[PDB]
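S.K.: Here it is, the structure in full.
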Amino acid sequence: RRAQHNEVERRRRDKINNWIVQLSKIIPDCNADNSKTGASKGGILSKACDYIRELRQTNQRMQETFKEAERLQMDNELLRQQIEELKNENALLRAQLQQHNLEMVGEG
Amino acid sequence: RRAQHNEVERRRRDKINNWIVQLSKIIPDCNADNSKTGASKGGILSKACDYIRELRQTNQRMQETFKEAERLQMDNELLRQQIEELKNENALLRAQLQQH
Amino acid sequence: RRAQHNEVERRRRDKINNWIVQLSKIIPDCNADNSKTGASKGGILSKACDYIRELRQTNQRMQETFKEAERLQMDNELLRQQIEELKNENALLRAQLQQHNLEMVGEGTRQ
Amino acid sequence: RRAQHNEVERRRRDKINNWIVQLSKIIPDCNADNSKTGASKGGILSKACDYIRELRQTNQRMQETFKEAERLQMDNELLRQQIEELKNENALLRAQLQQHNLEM
DNA sequence: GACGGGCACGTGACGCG
DNA sequence: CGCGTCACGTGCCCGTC
DNA sequence: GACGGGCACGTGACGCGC
DNA sequence: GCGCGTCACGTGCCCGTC
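Encoded structure:
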């Protein structure tokens, strides 16, 4: 009667534990912490719960540095122009300093 | 009594359920799919199993292109830093040709 | 008379060119940039002048994170004390809710 | 006639001197401490040749440890973010119990 | 003695082609 | 009539106190 | 024809120590 | 009381693109 219902629980409880061990086998943290708390069913959950939080953290780094990728490469064109306008004037003026400082020493 | 041991298990069961519920609240697969088996506790695990293992596979496809994308901001600082090195030399040179 | 001083200068220029190729061999950009201006003597200067700027940018970035790795103890005590303070209160108050939410069904039924 | 080619050589020799002086002004081995023998232009090259050779092995030592040191800020982001989730849940739970007309 | 906390197992309840 | 959710109890083999 | 630019090579000039 | 050793400057020439 309900003794057949005991077997359906045994199936479905076994499903959950075997889902944790598959979960356990794929988190790197559970495969290096030889402890009786990490190896617990309750540990794998809060470990994967964290693992996802950190996997979504790296993923949300990747996305965020793409919305700005067009703008900063646009900035690259700008500051790549600013170096040359400054360097040419830097070279122009260093020629205009180092060749006129010399015209004042022996001016007469 | 054993009434402390019922509370201990109830605490342990509450931590567990709050750790699939937090798990439930974050996987987009079971987010607002309202399934009778998908929203079950055993399903979130298969959904988290299929979300961790998919995010791992994703972020390695990303790191192929991301490391090259990362350098573009390193350069943005670099070439930004060059500007002041030459802006100081330019301003140094700009305030020395005055008396000639 | 000065043909011995042509020897003195040729020695010096050879030193400088071979101090460029020694430089040229140790900058990774010139090691793979088959360019007429990159392979120029003057190119190796502005390539090494950049290559140094970027290594300075890394070490001066690399160390500046150690002045703040001091604050691994900061987020320890932000993790050690704070997260359990709220989790225990979270689990406590969530149990205080759902013990009286069972009496809500007790008081008012649906028919 | 050739006066433009003299000016062109003058510009080219200016760029490389500006490139050794830009080089000289950053290598600490000759950062306004070194003599007339080491501020020699051929000497700055051997010192930049050292500085680069010496920084690559230094850079490679740091990132052996820095990689583990970096993730402390990653976790600082992580653990600072966990606080927000629990604060929202704790704020959610603290006000749903003020409608239960009994706190503790 | 004091309790905790681990994991597996039964039940009743409830919603189901 | 069996499924299948679920939380809740229950020993027990065991920890640390 | 027009200019630029590459690199090697030769000089006077200058600072030097002996 | 001159051997070195700095350095920039010119110059051919072997050669690019406009």
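Just so you know, the protein sequences line up as chains A, B, E and F, in that order. For what it's worth, the entry's author numbering labels the leading residue of the first sequence as 236, then goes sequentially. For what it's worth, the entry's author numbering labels the leading residue of the second sequence as 236, then goes sequentially. For what it's worth, the entry's author numbering labels the leading residue of the third sequence as 236, then goes sequentially. For what it's worth, the entry's author numbering labels the leading residue of the fourth sequence as 236, then goes sequentially. Where a beta carbon is used, it is the ideal one built from N, C-alpha and C, also for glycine.
Assign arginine 247 of chain B to buried or exposed, taking buried as 16 or more other Cβ atoms, counted over all protein chains shown, within 10 Å of its Cβ.
M.R.: Taking the first residue of the second sequence as position 1, residue 247 of chain B is located at position 12. So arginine 247 of chain B counts as exposed.
S.K.: With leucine 258 of chain A and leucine 280 of chain B assumed to form a contact (beta carbons below 8 Å), what rounded beta-carbon distance in angstroms separates them?
M.R.: On the first sequence, position 23 is the one that residue 258 of chain A refers to. On the second sequence, position 45 is the one that residue 280 of chain B refers to. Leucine 258 of chain A to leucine 280 of chain B, Cβ: 6 Å. Contact.
S.K.: Using 7 Å as the threshold, is the C-beta distance between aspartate 264 of chain A and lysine 282 of chain A below it?
M.R.: In the first sequence, the residue the question calls residue 264 of chain A occupies position 29. In the first sequence, the residue the question calls residue 282 of chain A occupies position 47. Taking 7 Å as the Cβ cut-off, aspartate 264 of chain A and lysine 282 of chain A qualify as a contacting pair.
S.K.: Say the cut is 6 Å; is the CB of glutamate 305 of chain B nearer than that to a heavy atom of the ligand SAM?
M.R.: This structure does not include the ligand SAM; it has no bound ligands of any sort.
S.K.: Kindly indicate the opening and closing residues of the alpha helix (DSSP H) around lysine 250 of chain F.
M.R.: Working through the fourth sequence from its first residue, we reach residue 250 of chain F at position 15. Per DSSP, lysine 250 of chain F belongs to the alpha helix (DSSP H) from 238-259.
S.K.: Is it buried or exposed for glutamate 324 of chain F, if we count other Cβ within 10 angstroms and need 16 for buried?
M.R.: Walking along the fourth sequence from the start, residue 324 of chain F turns up at place 89. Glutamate 324 of chain F should be labelled buried.
S.K.: Quick one: give me the first and last residue of the alpha helix (DSSP H) that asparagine 323 of chain A is part of.
M.R.: Here residue 323 of chain A refers to the residue found at position 88 when the first sequence is read from its first residue. Its alpha helix (DSSP H) spans residues 304-333.
S.K.: Counting only Cβ-Cβ distances shorter than 9 Å, please list the residues of the stretch 260-289 of chain E near chain B, keeping chain order.
M.R.: Listed by position, the residues of the stretch 260-289 of chain E near chain B (Cβ gap below 9 Å) are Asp285, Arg288 and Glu289.
S.K.: In this structure, how does DSSP classify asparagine 269 of chain A when only helix, strand and coil are distinguished?
M.R.: Position 34 of the first sequence, counted from the first residue, corresponds to residue 269 of chain A. In the structure shown, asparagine 269 of chain A sits in coil (DSSP, three-state: anything other than H, G, I, E or B).
S.K.: Count the other C-beta atoms from every protein chain shown that fall within 10 angstroms of the C-beta of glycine 341 of chain E, then say buried if there are 16 or more, exposed otherwise.
M.R.: Along the third sequence, one-based indexing puts residue 341 of chain E at 106. With fewer than 16 Cβ atoms within 10 Å of its Cβ, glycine 341 of chain E is classed as exposed.
S.K.: For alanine 304 of chain B and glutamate 299 of chain A, I'd like the C-alpha separation in whole angstroms.
M.R.: By one-based count along the second sequence, residue 304 of chain B stands at place 69. By one-based count along the first sequence, residue 299 of chain A stands at place 64. In a straight line, the C-alpha of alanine 304 of chain B is about 11 Å away from that of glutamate 299 of chain A.
S.K.: Would you say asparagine 252 of chain B faces chain A, with C-beta separation under 7 Å as the test?
M.R.: Locating residue 252 of chain B in the second sequence gives position 17, counting from the first residue. Taking Cβ atoms only, chain A never reaches closer than 7 Å to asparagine 252 of chain B, which makes this a no.
S.K.: Reducing DSSP to helix, strand and coil, say where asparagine 336 of chain F ends up.
M.R.: The residue given as residue 336 of chain F occupies position 101 in the fourth sequence. Coil.
S.K.: Would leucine 328 of chain B pass as a contact of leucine 307 of chain A if the rule is Cβ separation under 7 Å?
M.R.: To locate residue 328 of chain B, count along the second sequence from 1; it is residue 93. To locate residue 307 of chain A, count along the first sequence from 1; it is residue 72. Not closer than 7 Å, so no.
S.K.: Roughly how many angstroms separate the alpha carbons of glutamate 312 of chain F and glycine 343 of chain E, rounded to a whole number?
M.R.: Residue 312 of chain F sits at position 77 when you count from the first residue of the fourth sequence. Residue 343 of chain E sits at position 108 when you count from the first residue of the third sequence. Rounded to the nearest angstrom, the two C-alpha atoms are 45 Å apart.
S.K.: What are the residues of the stretch 294-315 of chain B that lie near chain A, defined by any Cβ-Cβ distance shorter than 8 Å?
M.R.: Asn294, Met297, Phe301, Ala304, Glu305, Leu307, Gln308, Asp310, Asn311, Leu314 and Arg315
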